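Order of writing sets the chain letters: A, B, C, D, E, F and G. Residues in each chain are counted from 1.
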Amino acid sequence: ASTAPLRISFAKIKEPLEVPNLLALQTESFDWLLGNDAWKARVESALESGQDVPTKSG
Amino acid sequence: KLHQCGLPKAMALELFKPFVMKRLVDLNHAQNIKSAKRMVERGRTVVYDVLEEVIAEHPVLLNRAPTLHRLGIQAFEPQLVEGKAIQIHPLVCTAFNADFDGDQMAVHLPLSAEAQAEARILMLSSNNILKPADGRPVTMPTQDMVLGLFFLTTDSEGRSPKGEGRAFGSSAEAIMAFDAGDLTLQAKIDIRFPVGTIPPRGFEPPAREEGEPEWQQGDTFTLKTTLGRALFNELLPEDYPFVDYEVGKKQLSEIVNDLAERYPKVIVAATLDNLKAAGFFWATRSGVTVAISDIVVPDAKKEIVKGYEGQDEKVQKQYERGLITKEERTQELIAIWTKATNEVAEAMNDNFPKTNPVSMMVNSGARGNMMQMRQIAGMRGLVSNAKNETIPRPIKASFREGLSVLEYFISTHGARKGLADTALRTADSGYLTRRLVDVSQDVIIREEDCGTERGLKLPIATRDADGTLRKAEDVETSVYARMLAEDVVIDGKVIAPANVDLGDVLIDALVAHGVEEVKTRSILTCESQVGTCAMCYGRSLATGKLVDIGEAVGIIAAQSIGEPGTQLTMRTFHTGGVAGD
Amino acid sequence: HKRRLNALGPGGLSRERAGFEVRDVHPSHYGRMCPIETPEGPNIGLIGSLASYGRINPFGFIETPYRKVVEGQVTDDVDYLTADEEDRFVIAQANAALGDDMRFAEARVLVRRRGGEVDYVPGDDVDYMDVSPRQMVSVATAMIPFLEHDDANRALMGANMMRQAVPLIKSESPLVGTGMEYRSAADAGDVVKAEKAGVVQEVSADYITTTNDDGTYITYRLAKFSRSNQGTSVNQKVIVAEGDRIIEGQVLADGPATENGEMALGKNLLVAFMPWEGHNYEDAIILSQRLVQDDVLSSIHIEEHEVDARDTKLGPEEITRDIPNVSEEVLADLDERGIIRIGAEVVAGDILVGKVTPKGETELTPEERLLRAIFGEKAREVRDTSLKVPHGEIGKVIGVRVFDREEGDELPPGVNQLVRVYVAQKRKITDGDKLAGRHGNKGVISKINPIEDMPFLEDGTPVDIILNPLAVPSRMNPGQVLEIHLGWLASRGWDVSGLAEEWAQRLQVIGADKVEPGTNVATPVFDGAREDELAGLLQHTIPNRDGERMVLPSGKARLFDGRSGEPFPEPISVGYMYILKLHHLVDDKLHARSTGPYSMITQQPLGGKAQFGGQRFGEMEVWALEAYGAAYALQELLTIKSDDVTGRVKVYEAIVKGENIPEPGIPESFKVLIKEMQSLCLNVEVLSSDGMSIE
Amino acid sequence: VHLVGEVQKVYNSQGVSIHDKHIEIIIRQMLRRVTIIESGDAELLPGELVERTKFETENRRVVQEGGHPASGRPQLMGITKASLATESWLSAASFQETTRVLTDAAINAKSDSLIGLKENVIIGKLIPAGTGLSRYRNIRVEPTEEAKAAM
Amino acid sequence: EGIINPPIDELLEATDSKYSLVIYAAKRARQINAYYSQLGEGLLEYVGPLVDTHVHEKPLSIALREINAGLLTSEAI
Amino acid sequence: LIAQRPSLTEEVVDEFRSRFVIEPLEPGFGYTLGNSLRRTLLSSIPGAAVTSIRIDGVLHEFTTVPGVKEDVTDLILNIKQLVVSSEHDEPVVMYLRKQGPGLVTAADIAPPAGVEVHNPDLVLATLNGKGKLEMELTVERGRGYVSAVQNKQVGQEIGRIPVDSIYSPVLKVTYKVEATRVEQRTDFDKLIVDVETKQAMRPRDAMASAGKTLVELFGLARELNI
Amino acid sequence: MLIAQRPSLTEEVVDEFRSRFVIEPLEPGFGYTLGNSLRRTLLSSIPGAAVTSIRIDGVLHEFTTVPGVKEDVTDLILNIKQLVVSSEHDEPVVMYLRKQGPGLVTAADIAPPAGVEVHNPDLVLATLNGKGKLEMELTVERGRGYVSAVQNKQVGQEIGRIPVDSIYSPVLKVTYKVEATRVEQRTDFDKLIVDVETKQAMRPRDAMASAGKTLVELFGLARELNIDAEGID
């Protein structure tokens, strides 16, 4: 809602998907390497969601 | 001015530390030498005053990193200037190939008396009008000034030619009328000229009507011209014959070359400076701009292209049934779209008026190229697919309408390849230049006159249509600036005396007399016991006079060969599916 | 920097191994690697930025999101496709229109397929389409507005340049820009956002305290004027009030080059396109003194240089105010232990911290002996080695840090004490400074006219910057003209209601119909505002004063020449353009040298700016000088001006004394070479015509 | 003629122009050497590169001696080979290849005469091209008697 | 009052070349600079500026001024 | 042929904006007059501005004052656009003190006798309950624009800090021309110049000063001849 | 607050009619104000007198030929407008020129009426072949600045009479250039150089004195708003 200041949009087509976490490339990779709580949390979230993921850490 | 360069305070003060110290001790501003060092390090005002006193009459060589050809290093008169960047004269910038996007240029200091003498005489920025590559002006760039001159010497229809069809007693009253707004700069009118105004070269045979002898070559004469052409000519020196034709870029180079040939260097520099000032002023007034309504896409485009699309989809339909092979479909579609883009290019060319800014700054030769406007207004056309292929579906939208996503992607396919090719070609060009300079050394002019008479046969005039003689299309790079080994007699009378460099007048006379070939002396046949003689090499091209003994012809030749290596950037558009052909 | 994919590295494609194929784009690089942006140097294309929607396959491949299509009906389901799985299916284009129902409006739809083919396939045959048109463009390139109208080359240069804009004193978000700058700013780590949804209790410049409803109190400390890696300030402002409610992830404090959580890499200036007296020739730039006057383009710069009190074999080094062989006033602003006070303006040569060598074997020279006897001064073994501000510098010190060996702090071996001082200045925009816009149009400032010389508009507003029109046709980036017109439109609001026009209908349905003056406007990178929209809004701009619109329907305006005073002969294009202050500042580039440090193995001057380095007279320079026939200048530039130890002192003495320059000797590098080829068992002997030679 | 025309059309394809003398100097340089054939009377090796001036000199010597001249055929080779096979070993060593040229310079015991340009840029002496020539640099200066009479 | 103040064409036609002009004017400039730095020996050989001189000047400007006036002459050994 | 001398009439459109009409000008004369008037009205007008300041416990502009959400540099930017009228030809000192929570503004600054702040509604900063702002300001008088670099003259007073100052109190000028109703081919034009200036001074005396400067320049040109 | 260096107009004369005027170092950016205002006022404000119409004997407006004269009518128009006349009647006045026989008719042979003076009798107006036959009457009228030719209906009143363009300004042209100069170690000083070309009638310096007086009046009209002081000298 109040995430950003109001900016008039000239866009014509609605976008279903939102931009992901733009820094996911580094943070998720190192999360996987450490194998800390975050990596295993994402692993179990993917498993219960059915999404494939390496379930062994780095 | 043409021989001036600006040096920020800090750089000038640091470059000239020994000289500023000597001047400070001599004027007693500083007690002793060490105190002078301390005072300059402090940077008190008297130090800057002494600096302003000491830099003048001391040349400094400005020099850019690539230094492709000998105009890379150029001497200048320094000049203190506030700020922190070198100030340079826009005329000499194109000699350096030095743009002002962002560009650093080194400053070197001639130290000895001989060194500064050389920088005064040889390397001076005003004695190098002519580029040594082919002997043409290089010190009249065109980005902005030439647009001003073109807008200045322009025929009617550039505006509503109000105040047209009248005569004015002298250019002064015409100018007054121009400020009044009744007259416009672009409007044909009859203008007087005071005595001494040398008239148009084609105006000479015509004259006024009288029963007594008259000499209009150097007295008053009315002339139907424009106020703009009057201003342009009064920029040029009085002795120069009047110019009544639009200047653009080619004719400006022509007149600059004529000035460089027939006038002294100082007059050439002053004329260039006047041309510069007027060009900037009248480009400011020219009102060239760019806007959304400036670039108007041709109306016909959409219709024609959809017609093509119909044909195209029809072809696609008869490819869906297997009636045509895929390769044949690709080739015929490529031909179809080449035809379409040629047709739309012609339609856009017809549509755009002569008064719009883009037309003014592309016709004049200021900057740009007609295909760039083609793909700004008309559709881009066929774009090369990766590893030198052609896509079947060219881009149908111009940059004004905005390309599509896949269209933008397939355009980047060629853009990045162009970048990489440019980089590789500059590397190879540098290597070639080094090799040419390194083989070409040792060849210095070490003799005034050859011992021999043997010459080289050259074709003076070719492609002579039936019942007429036509000179060679590329006569300039071949036979100009060469010395005839021996005289020529065609009607039993001598036409071109031996050992004279060739210009326009002699070439025209010899062609008119109908000779088909000439025996021009050249370095190949040169028979010199020591190196090569000056006359065999003929006149230099950066000076317009006979090559002085001892000049380095080898280095100049190698640099002239190597300079456009970066400019070539030409490659086969498509391999065509065959290798080695 | 985070998202780059450096192809260069160990066990991979090195710079030498590069060919034509690797650099060139591939049809696969769509949603996986931005083709527009890359370094333009020799490593062109080898390094590229990850696409906006890119994600990493666990095996290391890159995926991209695609929507699902079934029986001609695109669904609201997404699948992630790698570079191989994308080949089998036929993928549509997001730009393809869609009907009121979820089905395609047009049977004919653009599609792409195996091998990068772009052929069309009408009707229900596709299965996957791009989810957003900005899939193929990275963040930097996605920032540019009206990208589609620019050439690929200029968009490449504009992406490379946008990564060099320095933060300013006061940052302002673009009036016209992509709608994505908010995400780019927020996900960047510079900005400080809340981890709890509570109410702020104490707002202050240094820190901000918040209280979640649970009870936890958290205070965020805002960095203030701390040097970044590039010697630029990271000053962080505060936006939230005292009693305003907060939500998780909401933004509290801006970062460098940010505003209300929106990226702001520069300011937006009023631009008019016209040649102006040649001061903007060859793409140089003319801007008002208003920017110098109002600090519109001004950036803080913090330099940090440090010195260490190490112990040598003679003894320890002392950091003391009692530096030897100095005057009294030089050490005026120093502290007790010999440290410059905080807040004391410095200049070139000023003493930051006073350090003295322990001692050294001093054999007083006879002249020094006599002079010391005369003045009764005792030349002491302790020698001055204090830190001084390098030449060509200015600034107010903002902080000093001291670390002591004997204290609990740890230091490397030997260094008893270490001192770091911050010198911070406020560099204003000046001549020579490099400026540039978003669309790869860059130029050095060439003149800053007073506010009056600026050709002003019908209501007296001077134009803040002049740019040469000659750039845009050849540069093939008419996107900047579009941006200028839309910036003018954003600055002056517009009202569109009941106009019944096609563009009016599109604006009304989009919701961007009634826009007040000043509010920002967003044009996505590939769904920008059509030129019809710009034309219509230009017709229907809000009257700024007296009920008249200063810009004609053509998008141009009447410019009154400030100097002469007369109106310019024809209207001129004007609007608001976003410019950036690059980091290619003149102050850092400037460098001169009378005489300075010399190298060791070969006695020629050494290189670089930090060490008073003379410019290199390369091979092509001597080639050009030979081409002129100038031989004596070459002799001096090779022997007197470097590479001859005997001649340099002699020439300095002759210049200072006024005596004529002496004859050059032989260079030192030649003797280095003859000695080296003597040590390869080649008896390289220099001989004269009449027997042995004299050297 | 063929080389001049070919390279000129290659340049003109883009649109750039250069004068033909620039090309002609290089072309004369490439053609400078001659391959000796039938080296019977000349007593040197057959089938190796030899400078044109050297060829004419040795032919004059042998014909004056009464021996029949050894034949030769003009040979064209690239700029690189021409540069490497030069009389001044220092200039060639300053070119791209250093080890081989230095090695054969040592084995041949060839003294590098200082005539030319690059090697006189190595030594720091004055290049013999332009202001460095003997005839320009030997002049002496003194005003006229009337100048002193005036003052 | 400038580098280009003495125009070059007269100097070329005087000295018949351009390099010879540079070296000859350089020799003259060296001589005048040596005279100006005599500081008291008063060697009879040295000759001061023939043309008028400013209070502070470069030797080479005066040398080229003398060449333009033409009163100075050269002679190759 | 007809002789008609210029005549000036004035009208007000706002408390600080006025329009001035000069009808009998010659053809092609109004534009140049309006331009020269604008050039001198923006360049040289006498005004007052803050040239330097002092803050307790602050040694340079970079640091921050505890208790105020805007860093000192933001305070420089805020005061820099403060508009003042100073009658003392010498520098004057003003004091700004504020304790407790609230918005410190240009209204609460202490005006010395003869120096007046003219934009009291401006907001300079906001203080917290714990905060405390003390500030000394130096007001000088001049014309044009002067950067902080040349305004620094005290070195030992490390607490003092200079600020770039702007003296000109005029905001903008816009001139236009028309055609007079008199029936002649000359078509004498009516120059109308609209001046809007800051709250410091009425535009009337601003243009009075501009006219004084220009008339003095042209009188210098005239009298030195003949 | 006071100007660092006061200006001082100075003159440089190369011909009796051509002149150059230099202003010493001046406040920054003031060069263009003074330069262009001076140009326009010097070109327009100074009053003068020049011909307004010409009448040839025995010709029609459409009939561009004149019998008995080798030259045509348009060159005659150029020549007459070239000629300078000093008049003070404040109303239209007429001048006559009647000459016969072959020869050359010049401004010297023109007979001026009372109170009108021709300044340059050297100009040759026309050349005659055979019988000159020339009879001519031209109208002079004082005025200000510059005005283009218009129809007054004089042609309808008399067929021979035709309009002609006029040069009321005593000056022919002003070319002003502003350059930079360095004073007290500061380069923020602009020198104005104004080159004034004027006809032989009136000296340029007096003309610019009149122009400066006019500008002084026109800008001191602004003193009436209020009394204020600005730094000077």
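Heads up, the rule we're going with is that contacts are C-beta pairs under 8 Å (C-beta built on N, C-alpha and C of every residue); 3 or more make two chains touch, one makes a residue touch a chain.
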Inset, instruction - Mind listing the chains that sit against chain D and also against chain G? - result: B, C
Legend entry - Per Cα centroids, the chain farthest from chain C: G
Legend entry - Winner on C-beta contact pairs when D-E is weighed against B-F: D-E
Inset, instruction - Let me have the rounded angstrom distance from the C-alpha centre of chain A over to the C-alpha centre of chain D, please. - result: 71
Legend entry - Centre-of-Cα separation between chain G and chain C, whole angstrom: 58
Inset, instruction - List the centre-to-centre spacing of chain A and chain G in whole Å, with centres computed as mean CA coordinates. - result: 82
Inset, instruction - Averaging only over C-alpha atoms, locate the centres of chain E and chain G and give their separation in whole Å. - result: 51
Inset, instruction - Two or more other chains in contact with one residue: find those residues in chain B. - result: 82, 113-114, 118, 122, 179-180, 548-552, 555-556, 558
Legend entry - Per-residue multi-chain contacts in chain F, two or more chains: 27-28, 32, 35-36, 39, 43
Inset, instruction - Would you give the residues of chain A that are in contact with at least 2 other chains, written as numbers and ranges? - result: none
Inset, instruction - Using the contact rule from the top, write out all pairs of chains that touch. - result: A-C, B-C, B-D, B-E, B-F, B-G, C-D, C-E, C-F, C-G, D-E, F-G
Legend entry - Contact set on chain E toward chain D in their complex: 17, 19-20, 22-24, 27-28, 31, 47, 50, 66, 71-77
Inset, instruction - Over in the complex, which chain B residues touch chain G? Could you list them? - result: 45, 48-49, 52, 80-82, 163, 166-170, 172-173, 175-177, 179-180, 182, 190, 192, 209-211, 222
Inset, instruction - Over in the complex, which chain D residues touch chain C? Could you list them? - result: 102, 106, 111, 117, 121-132
Inset, instruction - Please name which positions on chain C make contact with chain A in the complex. - result: 2-3, 50, 52-56, 58, 65, 67, 76, 78, 94, 98, 131-133, 139, 173, 179-180, 182-184, 186-189, 247, 249-250, 260-262, 506, 510-512, 515, 519-524, 527-529, 533
Inset, instruction - Enumerate the contact residues on chain F facing chain C in the complex. - result: 31-32, 34-36, 38-39, 42-43, 58-71, 73-74, 77, 80, 128, 130-131, 145, 147, 152, 155-156, 158-159, 164, 166, 172-176, 194, 196
